Each structure stands twice: as structure tokens, then as C-alpha cells.
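Numbering (PDB author numbering), first residue to last: 5 to 396.
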Ligand code: HEM
Ligand SMILES: Nc1n[nH]c(-c2ccc(O)cc2)c1-c1ccc(O)cc1
């Protein structure tokens, strides 16, 4: 049969297959889990082209009858969430509220990381660094950034193992959790105690005359989607970064010894990250030449981030973490172009502070199981181990 995507849910190694495709056929046809055909793009040059040409549309991926990567877990209008935010005149305000720059926010991240780590040391090895460190760090950060109660984090988080599924078919639970989580965020907008963070800001703008015709549904949706995307993305990235560090003891020791190099190491950890389980989907809105292929209007294109980020033509010795590259932020871990991640700085800070805190508290961190014993989540939009058992 035609080559099927994805190739592997493992987030600890890139398949050899990826370099062979990039060399032989850096754009080629594949079949997705729904049985649709798509073009898989796997070189830095071609990934960048697709991402920088808006005629490859994000929004149009949601059109009825399109070839699909996977089934929607959001309303179709939510695929255009950033466009809807810009159209409501809310982009600057949202972007400002999710920077890691608010007074106290970095200290709160540090404090939270340290407390989680003290609790694991009290309890004794083995510790699970996903469920008991990275994901609670992510969840606490996002409650603080949104201005919502910390104690509401866990129930919101538990929606995410369904919300970020990569399924061939619609998921009944996704609707149940979406509607419940929208109702919660609508209640937050009406709650006078919520005066800080992204929700406190949205709540003020909602009652300002310049935003009187912005819908209550959009305001709630921003809350739900920014919580879910940020939590899943920071928690998953930090988890798989910790694997890459733990398996580079020389690097772990360098960063421990010289923590000022942590921002450069996180940037390399981003470059090499396999967190995104699928290419980023786009729908062609015109006939467009990409390499040796004429992509036709209506066809699905999948931009393979690791294809670009491990391309030796751009990043020589791609599989090695080198802290002195001349082009260190030029990876595609946060995307490129119109839909460049709005949370990028926040994501970087979360990882930096989590890593700094772990290396200080557990300088001897190591896996407590052979690496092949990690259980990789399937049929999900992220690659993540179900547990990350460590000792120190
Ligand atoms: C290390 C952490 C993160 C990584 C690796 C990541 C990665 C990405 C990538 C690759 C995209 C582009 C998707 C595409 O073009 O199809 C994206 C978009 C997005 N990110 Fe992130 N992200 C992270 C953190 C965050 C955070 C913290 C938030 C929010 C608080 C966030 C919110 C979103 C949203 C809302 C979009 C969609 C933007 C659009 O539709 O134009 N991300 N992210
Ligand atoms: N691609 C996705 N899969 N699942 C979601 C999502 C986010 C939060 C939820 O509670 C439910 C689904 C998304 C999502 C997240 C952020 C967006 O701007 C648009 C879509």
C-alpha cells in the first residue's frame, strides 16, 4: 500500500526513514489515518516554503469534504482561532497576557518547580517526571497566566488526553469536555474575583465599548484553547526534552555546572524535539509547485517539523546538540509564518526554569527503567511517554 503516516509514536529517536525521504523525495504522497492522501514535506527548504505561503491554508483544512489528517476535536471555526482573535481586535492583548514577563510570573514558576521537586524527593525514587513534574508545572503555569484558581487546573488538564487526540473519527468525549470547559470559562468571565491574567484582561475588555460586539463564545474559546494548547505543548515538550537531557549525561553535567548556557541548550532541545506527532496540516487553495510536485488546489499538505529540523543542509550534524550554532533559533519548533506560535516565549521560559530547577535539585537524575520500557501514547497530536520513571 501507499506509505502511511505517522511512521512512529516514539519521541526518543527519529526514524532513519525520515533522512531517506528527505534525500530521495522531500515531498511525496502518503496516506493518513483517515484514508486520505496527502503530501508529506520533509526538507527545511520545502517546509519553509509551505509555511510562508498563505495559499497553503490552515483555516481551509476544516472545510467539509476536504482530505483530512484526523477528525476535528474543536468546532470548525476554531481552526481559525487566531484569525478570529485578530478580527475581534484582541491579538495584542492576548499576546501581552501570555508573555513570561509579568511581575512575579518567573518567580512563581521557580517556586512551583521547586516545590514539585521537593515533594518527589520527600517521597523517594522512582519519581514520574511527566505526571508529577512536567505536566503539573505546565498546568500551574497556565492557571497563573490565565488568572484562574490553581485548584481548577487538574480538571481542566484531564480533558487533554482526549482533546489532543489524532483520531480517524469524531470523538464523543471531546464534545462533552469542550462544552463543559467552555461553560467554565464563561463562568470565569462573569466572576468578579478574576482580575488578573489573560481571563482578567478579557473580562475587562468584554465590558469595554470597543469590544461590545465580540461574542461571549469567542472570549470563552480563547480561555479553553490557550489553556489546552499551552499545557499540552509545554508539558509534552518539557517531558521529551528531559529524556534528551537524561540521555546526554555530559550535557546534563555542563548545564548543571554552567546554568547560563541553559537558554542555548533549550533552544537545541527545541530544534531536536519530536513532540509533534504529525506534520502540520495545510490545504492548498491554488495549484502551487513544491519541489518536483505540482500540488493541486484542494490537496492536503503535511509539514514535517522534524524533517526540517534535522535537515543537514541547514543544521550540520543534525542529531547532535551543539550550543554554538550560528543559526540557533532558525528551527521550526514553533512553526513559521502567519501561524507562528503565540506562546513561544512562554514555552521557552517554562522549559528553562523547569530544567534549571531539576538540575539543581536532582543533578544525578537518570531513567529508572531501560529506555525501551517507556510507553508511547498512540493516536495523539503529541508524542509522549505515559510515565517517565527516574531516580537521582
Ligand atoms: C514548547 C512549547 C510549544 C511548542 C513547541 C508549540 C508549537 C507550536 C507550533 C509548531 C505551532 C504552529 C502550528 C501550525 O502552524 O500549524 C503553534 C501554534 C499555536 N500555539 Fe504553540 N507551542 C508551544 C507553546 C504554546 C503556548 C504556551 C501556548 C499558549 C499559551 C501556545 C498556543 C498556540 C496557539 C493558540 C497556536 C495556534 C496559532 C495559530 O493558529 O495561528 N503554544 N505552537
Ligand atoms: N488542534 C487542536 N486539537 N485540540 C484542540 C483543543 C484545545 C483545547 C481544548 O479544550 C480542546 C481541543 C486544538 C486547538 C488548540 C488551539 C487552537 O488555536 C486551535 C485548536
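Built from N, CA and C at the ideal position, the CB exists for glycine as well.
Nearest neighbour of residue i, chosen from the options [CA to CA]
i: residue 116; options: 186, 66, 357, 241; result: 357
i: residue 139; options: 196, 235, 168; result: 235
i: residue 109; options: 390, 149, 54, 268; result: 149
i: residue 294; options: 284, 307, 283; result: 307
i: residue 246; options: 363, 86, 177; result: 363
i: residue 102; options: 365, 298, 346; result: 346
i: residue 22; options: 283, 36, 382, 40; result: 283
i: residue 217; options: 68, 338, 374, 88; result: 88
i: residue 16; options: 318, 310, 28; result: 310
i: residue 354; options: 61, 75, 111; result: 111
i: residue 178; options: 75, 365, 376; result: 75
i: residue 352; options: 365, 336, 242; result: 242
i: residue 338; options: 183, 370, 172, 275; result: 275
i: residue 96; options: 365, 391, 206; result: 206
i: residue 209; options: 135, 128, 94; result: 94
i: residue 162; options: 174, 180, 129, 212; result: 180
Environment of residue i [buried if 16+ CB atoms lie within 10 Å]
i: residue 6; result: exposed
i: residue 63; result: buried
i: residue 126; result: exposed
i: residue 240; result: buried
i: residue 131; result: buried
i: residue 285; result: buried
i: residue 90; result: exposed
i: residue 68; result: exposed
i: residue 375; result: exposed
i: residue 3; result: This structure cannot settle anything about residue 3, because the visible part of the chain is limited to 5 through 396.
i: residue 303; result: buried
i: residue 256; result: buried
Contact check, residue i vs residue j, beta carbons under 7 Å
i: residue 233; j: residue 387; result: no
i: residue 19; j: residue 47; result: no
i: residue 380; j: residue 13; result: yes
i: residue 51; j: residue 312; result: yes
i: residue 361; j: residue 394; result: no
i: residue 223; j: residue 193; result: yes
i: residue 42; j: residue 34; result: yes
i: residue 142; j: residue 77; result: no
i: residue 384; j: residue 169; result: yes
i: residue 230; j: residue 160; result: no
i: residue 265; j: residue 164; result: no
i: residue 113; j: residue 145; result: yes
i: residue 151; j: residue 191; result: no
i: residue 104; j: residue 349; result: yes
i: residue 72; j: residue 40; result: yes
i: residue 59; j: residue 325; result: no
i: residue 271; j: residue 320; result: no
i: residue 269; j: residue 56; result: no
i: residue 36; j: residue 9; result: yes
Local conformation of residue i per DSSP, three classes
i: residue 371; result: strand
i: residue 112; result: helix
i: residue 61; result: strand
i: residue 251; result: coil
i: residue 3; result: Because the chain in this structure spans residues 5 to 396, residue 3 falls outside the shown range and cannot be described.
i: residue 317; result: coil
i: residue 169; result: strand
i: residue 23; result: helix
i: residue 18; result: coil
i: residue 176; result: helix
i: residue 11; result: coil
i: residue 214; result: helix
i: residue 276; result: coil
i: residue 396; result: coil
i: residue 220; result: helix
i: residue 41; result: strand
i: residue 298; result: strand
For residue j and residue i, the rounded distance between their alpha carbons
i: residue 185; j: residue 228; result: 6 Å
i: residue 251; j: residue 120; result: 22 Å
i: residue 156; j: residue 244; result: 26 Å
i: residue 277; j: residue 315; result: 13 Å
i: residue 367; j: residue 290; result: 53 Å
i: residue 26; j: residue 287; result: 21 Å
i: residue 70; j: residue 300; result: 13 Å
i: residue 85; j: residue 226; result: 8 Å
i: residue 238; j: residue 297; result: 35 Å
i: residue 329; j: residue 124; result: 35 Å
i: residue 279; j: residue 249; result: 15 Å
i: residue 322; j: residue 334; result: 13 Å
i: residue 318; j: residue 44; result: 19 Å
i: residue 195; j: residue 221; result: 16 Å
i: residue 202; j: residue 24; result: 44 Å
i: residue 80; j: residue 66; result: 5 Å
i: residue 261; j: residue 122; result: 21 Å
Heavy atom of ligand 4 within 6 Å of residue i beta-carbon
i: residue 205; result: Absence of ligand 4 is noted for the structure shown, with ligand 1 and ligand 2 being the only ligands found.
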